[PDB]
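*Asks:* To be precise about what I am sending: the file is called protein17.cif and holds mmCIF, C-alpha atoms and all ligand atoms; chains and numbers go by the auth columns.
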```
data_final
#
loop_
_atom_site.group_PDB
_atom_site.id
_atom_site.type_symbol
_atom_site.label_atom_id
_atom_site.label_comp_id
_atom_site.label_asym_id
_atom_site.label_seq_id
_atom_site.Cartn_x
_atom_site.Cartn_y
_atom_site.Cartn_z
_atom_site.B_iso_or_equiv
_atom_site.auth_seq_id
_atom_site.auth_asym_id
ATOM 1 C CA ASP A 1 -69.984 -118.103 82.965 0.00 1 A
ATOM 2 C CA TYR A 2 -72.686 -115.529 82.322 0.00 2 A
ATOM 3 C CA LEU A 3 -73.064 -117.219 78.930 0.00 3 A
ATOM 4 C CA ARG A 4 -73.186 -120.593 80.671 0.00 4 A
ATOM 5 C CA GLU A 5 -76.045 -119.393 82.901 0.00 5 A
ATOM 6 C CA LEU A 6 -77.815 -117.960 79.871 0.00 6 A
ATOM 7 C CA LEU A 7 -77.243 -121.326 78.143 0.00 7 A
ATOM 8 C CA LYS A 8 -78.868 -123.211 81.083 0.00 8 A
ATOM 9 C CA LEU A 9 -82.130 -121.264 80.964 0.00 9 A
ATOM 10 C CA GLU A 10 -82.360 -121.716 77.130 0.00 10 A
ATOM 11 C CA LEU A 11 -81.967 -125.483 77.766 0.00 11 A
ATOM 12 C CA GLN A 12 -84.702 -125.326 80.380 0.00 12 A
ATOM 13 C CA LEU A 13 -86.922 -123.311 78.053 0.00 13 A
ATOM 14 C CA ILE A 14 -86.324 -125.626 75.069 0.00 14 A
ATOM 15 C CA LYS A 15 -87.479 -128.549 77.218 0.00 15 A
ATOM 16 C CA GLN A 16 -90.695 -126.926 78.468 0.00 16 A
ATOM 17 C CA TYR A 17 -91.627 -125.684 74.960 0.00 17 A
ATOM 18 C CA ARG A 18 -90.912 -129.183 73.675 0.00 18 A
ATOM 19 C CA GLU A 19 -93.431 -130.577 76.112 0.00 19 A
ATOM 20 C CA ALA A 20 -96.056 -127.902 75.382 0.00 20 A
ATOM 21 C CA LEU A 21 -96.036 -128.652 71.614 0.00 21 A
ATOM 22 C CA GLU A 22 -97.014 -132.336 72.292 0.00 22 A
ATOM 23 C CA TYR A 23 -99.519 -130.973 74.736 0.00 23 A
ATOM 24 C CA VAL A 24 -101.355 -128.118 72.997 0.00 24 A
ATOM 25 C CA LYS A 25 -100.362 -128.328 69.270 0.00 25 A
ATOM 26 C CA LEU A 26 -99.738 -124.622 68.354 0.00 26 A
ATOM 27 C CA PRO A 27 -97.637 -123.612 65.352 0.00 27 A
ATOM 28 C CA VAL A 28 -96.274 -120.556 67.192 0.00 28 A
ATOM 29 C CA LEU A 29 -94.745 -122.677 70.005 0.00 29 A
ATOM 30 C CA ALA A 30 -93.019 -124.634 67.240 0.00 30 A
ATOM 31 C CA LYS A 31 -91.729 -121.209 66.021 0.00 31 A
ATOM 32 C CA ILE A 32 -90.306 -120.350 69.448 0.00 32 A
ATOM 33 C CA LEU A 33 -88.755 -123.844 69.683 0.00 33 A
ATOM 34 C CA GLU A 34 -86.815 -123.131 66.456 0.00 34 A
ATOM 35 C CA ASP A 35 -85.680 -119.800 67.860 0.00 35 A
ATOM 36 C CA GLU A 36 -84.634 -121.204 71.231 0.00 36 A
ATOM 37 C CA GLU A 37 -82.595 -123.961 69.466 0.00 37 A
ATOM 38 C CA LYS A 38 -80.667 -121.500 67.284 0.00 38 A
ATOM 39 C CA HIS A 39 -79.806 -119.579 70.466 0.00 39 A
ATOM 40 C CA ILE A 40 -78.161 -122.551 72.181 0.00 40 A
ATOM 41 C CA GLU A 41 -76.457 -123.326 68.850 0.00 41 A
ATOM 42 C CA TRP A 42 -74.938 -119.827 68.916 0.00 42 A
ATOM 43 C CA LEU A 43 -74.139 -119.768 72.664 0.00 43 A
ATOM 44 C CA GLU A 44 -72.481 -123.157 72.284 0.00 44 A
ATOM 45 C CA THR A 45 -70.234 -121.744 69.576 0.00 45 A
ATOM 46 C CA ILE A 46 -69.235 -118.763 71.768 0.00 46 A
ATOM 47 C CA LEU A 47 -68.276 -121.338 74.435 0.00 47 A
ATOM 48 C CA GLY A 48 -66.089 -123.555 72.259 0.00 48 A
ATOM 49 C CA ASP B 1 -100.641 -121.618 82.980 0.00 1 B
ATOM 50 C CA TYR B 2 -98.012 -123.572 81.081 0.00 2 B
ATOM 51 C CA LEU B 3 -97.794 -120.506 78.832 0.00 3 B
ATOM 52 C CA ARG B 4 -97.535 -118.310 81.920 0.00 4 B
ATOM 53 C CA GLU B 5 -94.576 -120.364 83.191 0.00 5 B
ATOM 54 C CA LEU B 6 -92.991 -120.219 79.752 0.00 6 B
ATOM 55 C CA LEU B 7 -93.610 -116.444 79.799 0.00 7 B
ATOM 56 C CA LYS B 8 -91.805 -116.101 83.185 0.00 8 B
ATOM 57 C CA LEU B 9 -88.580 -117.732 82.009 0.00 9 B
ATOM 58 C CA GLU B 10 -88.550 -115.565 78.806 0.00 10 B
ATOM 59 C CA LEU B 11 -88.860 -112.518 81.124 0.00 11 B
ATOM 60 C CA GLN B 12 -85.990 -113.824 83.222 0.00 12 B
ATOM 61 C CA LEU B 13 -83.924 -114.513 80.113 0.00 13 B
ATOM 62 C CA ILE B 14 -84.652 -111.093 78.566 0.00 14 B
ATOM 63 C CA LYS B 15 -83.345 -109.471 81.753 0.00 15 B
ATOM 64 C CA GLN B 16 -80.088 -111.445 81.942 0.00 16 B
ATOM 65 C CA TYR B 17 -79.362 -110.922 78.212 0.00 17 B
ATOM 66 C CA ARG B 18 -80.099 -107.234 78.720 0.00 18 B
ATOM 67 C CA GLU B 19 -77.435 -107.084 81.387 0.00 19 B
ATOM 68 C CA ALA B 20 -74.888 -109.089 79.368 0.00 20 B
ATOM 69 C CA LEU B 21 -75.100 -106.690 76.375 0.00 21 B
ATOM 70 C CA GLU B 22 -74.039 -103.719 78.618 0.00 22 B
ATOM 71 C CA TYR B 23 -71.425 -106.020 80.023 0.00 23 B
ATOM 72 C CA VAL B 24 -69.722 -107.731 77.070 0.00 24 B
ATOM 73 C CA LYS B 25 -70.911 -105.843 73.917 0.00 25 B
ATOM 74 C CA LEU B 26 -71.631 -108.720 71.433 0.00 26 B
ATOM 75 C CA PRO B 27 -73.903 -108.263 68.421 0.00 27 B
ATOM 76 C CA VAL B 28 -75.205 -111.840 68.719 0.00 28 B
ATOM 77 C CA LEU B 29 -76.554 -111.272 72.269 0.00 29 B
ATOM 78 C CA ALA B 30 -78.399 -108.285 70.811 0.00 30 B
ATOM 79 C CA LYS B 31 -79.797 -110.781 68.225 0.00 31 B
ATOM 80 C CA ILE B 32 -81.046 -113.139 70.944 0.00 32 B
ATOM 81 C CA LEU B 33 -82.536 -110.166 72.842 0.00 33 B
ATOM 82 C CA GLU B 34 -84.656 -109.339 69.758 0.00 34 B
ATOM 83 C CA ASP B 35 -85.758 -112.957 69.531 0.00 35 B
ATOM 84 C CA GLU B 36 -86.602 -113.275 73.221 0.00 36 B
ATOM 85 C CA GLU B 37 -88.697 -110.042 73.034 0.00 37 B
ATOM 86 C CA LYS B 38 -90.771 -111.249 70.072 0.00 38 B
ATOM 87 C CA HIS B 39 -91.485 -114.430 72.054 0.00 39 B
ATOM 88 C CA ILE B 40 -92.997 -112.601 75.030 0.00 40 B
ATOM 89 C CA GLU B 41 -94.867 -110.403 72.525 0.00 41 B
ATOM 90 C CA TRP B 42 -96.426 -113.560 71.055 0.00 42 B
ATOM 91 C CA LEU B 43 -97.024 -115.347 74.392 0.00 43 B
ATOM 92 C CA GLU B 44 -98.655 -112.185 75.704 0.00 44 B
ATOM 93 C CA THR B 45 -101.063 -112.223 72.774 0.00 45 B
ATOM 94 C CA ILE B 46 -101.981 -115.891 73.400 0.00 46 B
ATOM 95 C CA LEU B 47 -102.762 -114.844 76.999 0.00 47 B
ATOM 96 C CA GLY B 48 -105.033 -111.904 76.207 0.00 48 B
HETATM 97 ZN ZN ZN C . -83.641 -117.876 73.373 0.00 101 C
HETATM 98 ZN ZN ZN C . -87.523 -117.228 73.641 0.00 102 C
#
```
Can you dump the structure from the file as C-alpha cells?
Ligand SMILES: [Zn+2]
Ligand SMILES: [Zn+2]
*Replies:*
Amino acid sequence: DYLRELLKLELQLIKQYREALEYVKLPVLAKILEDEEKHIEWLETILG
Amino acid sequence: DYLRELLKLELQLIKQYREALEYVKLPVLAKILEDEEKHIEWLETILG
C-alpha cells in the first residue's frame, strides 16, 4: 500500500516527463523517462 | 519551472523510498533510490 503510493507518484512523474520531452526536446529527460518506466515495471511485479 | 516541478516530485519520491527501505528491506527499492538520486543530480545541473 506503501508500494501502491510509490507506484502512483512514478505514474504521475512518467506523465509529466512525457509531456516535457515533446515540449523541450532534451535527451536527458528521455533518459529519466526510461528509468521511471523500469521502476513502475518493477513495482508492478512486486504487486502481482 | 517545469523542471522545478519535476524536481519536486523526485524529492518527494526519494523521501518515501528512503522510508520504505528502512521499513521493508528490499534490494530493488534500494535500486530505485539510486535511480531517483541520479535524476535530481541531473535536474539540478540543468537548473544551475
Ligand atoms: Zn522512479
Ligand atoms: Zn526519477
*Asks:* For a quick check of understanding, using all atoms listed in the file, which of B:34, B:44, B:19, B:10 has the smallest distance to ligand ZN 102 (chain C)?
*Replies:*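 Distance minimum relative to ligand ZN 102 (chain C) lands on B:10.
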*Asks:* Write out as a list in words every residue belonging to chain A that has an atom at most 10 Å from any atom of chain B, counting only C-alpha atoms.
*Replies:* residues 2, 3, 5, 6, 7, 9, 10, 12, 13, 14, 16, 17, 19, 20, 23, 24, 28, 29, 31, 32, 35, 36, 38, 39, 40, 42, 43 and 46 of chain A
*Asks:* Which value, in Å to one decimal, gives the distance between CA of residue 33 in chain B and CA of residue 18 in chain A?
*Replies:* 20.8 Å
*Asks:* How many Å lie between CA of residue 37 in chain B and CA of residue 22 in chain B, rounded to one decimal?
*Replies:* 16.9 Å
*Asks:* Using only C-alpha atoms and all ligand atoms, which of the listed residues (A:21, A:11, A:30, A:45) sits closest to ligand ZN 101 (chain C)?
*Replies:*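 Looking at the shortest contact to ligand ZN 101 (chain C), the residue is A:11.
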*Asks:* Give me, please, the distance in Å between CA of residue 26 in chain A and CA of residue 47 in chain B, quoted to one decimal.
*Replies:*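 So the two atoms, CA of residue 26 in chain A and CA of residue 47 in chain B, lie 13.4 Å apart.
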